[PDB]
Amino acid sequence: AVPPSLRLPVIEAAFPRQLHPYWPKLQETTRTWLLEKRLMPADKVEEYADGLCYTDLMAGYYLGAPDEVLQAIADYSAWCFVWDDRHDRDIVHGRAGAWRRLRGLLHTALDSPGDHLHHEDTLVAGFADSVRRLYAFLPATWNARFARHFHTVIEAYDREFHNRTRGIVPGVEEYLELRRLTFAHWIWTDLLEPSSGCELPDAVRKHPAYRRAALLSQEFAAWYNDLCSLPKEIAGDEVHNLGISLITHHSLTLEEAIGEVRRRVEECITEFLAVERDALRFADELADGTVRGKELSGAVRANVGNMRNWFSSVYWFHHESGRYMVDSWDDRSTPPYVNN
């Protein structure tokens, strides 16, 4: 049961939740990876890792993924959360030097992950381990695009560092552009392809219906995170959240801002339902009779299915994960699972 201010009946009724059969193993393997790569303190992994639900979130998303592919995606996903925590703590403690160095190392590791598998910074070595494995599934053309996309994500984190250091809250439109990067829209979109076993040609994945379906899936996920993570983020002096930009620049009250974010999230859903029809008509057009057309048709169909699955996975993740349960913390500004 979800709180009325967070509840989305259309999700509950029309996007039934899915779970990949590898999830029980996935849960433990990622937990152990976090442990052995020293990405989270050992006692924090035992106390909090399972309750954080990072593996549940990916296992509800990339349905159909080879077990190995889902494992690398889940390790990378968990790493991303730990990176978000590190970024947060570097900002809070004014470690601009340590953040700048991490940022540079991540850019280099991204292009040559093999070189960085045993780097002395365990956050960098962990990144490189997951990225090296992601690079093993599809041609190097897909790897180059993932890298291009993630260099942009790191730089958006650097922009957030600048904003929070200066006490700047982005305008609403500026925020919406930044959020496509800090949420890593195009990374989750990229990872649809190794999950269905096919790198999509530019002409296919840039078709308007595929692009728009892919975008709305991510806008929904990012803004729903904004809605649900607003309490802990206000508490932690986070300034990046659609709700916070509206309060700051459109002078809404908190209640008005929650309402406005809800309405924007709702519209993503019914916009997605419209363009999903087009995206699936496109998948049928790809099935032209040929082997390649059938491969491409099947892959777009799977990808669009998972774009849909993201809605329910993200929806339930925010109600299940301890990441957001600020009311339970001794210090509302310092989550228990973060290394402070």
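The first residue of the shown sequence is 1; numbering continues from there.
Stretches 74-82 and 196-204 differ in mean C-alpha B factor, with the higher average recorded for 196-204. Remark: stretch with higher mean C-alpha B factor among 44-52 and 267-275 is 44-52.
Which of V124, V169, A214, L242 has the largest Cα B-factor in the deposited entry comes down to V169. Residues shown: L106, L254, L191, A222. Highest C-alpha temperature factor in the entry: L254.
Among all modelled residues in this chain, the alpha-carbon of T32 has a temperature factor (C-alpha) in the middle third. The PDB entry assigns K294 a C-alpha temperature factor belonging to the highest third of its chain's modelled residues. Placement of the Cα temperature factor of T182 within the chain: lowest third of the modelled residues, per the deposited record. Per the deposited record, the Cα B-factor of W316 falls in the middle third when ranked against the other modelled residues of its chain. When the modelled residues of the chain are ordered by C-alpha B-factor, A65 sits in the lowest third.
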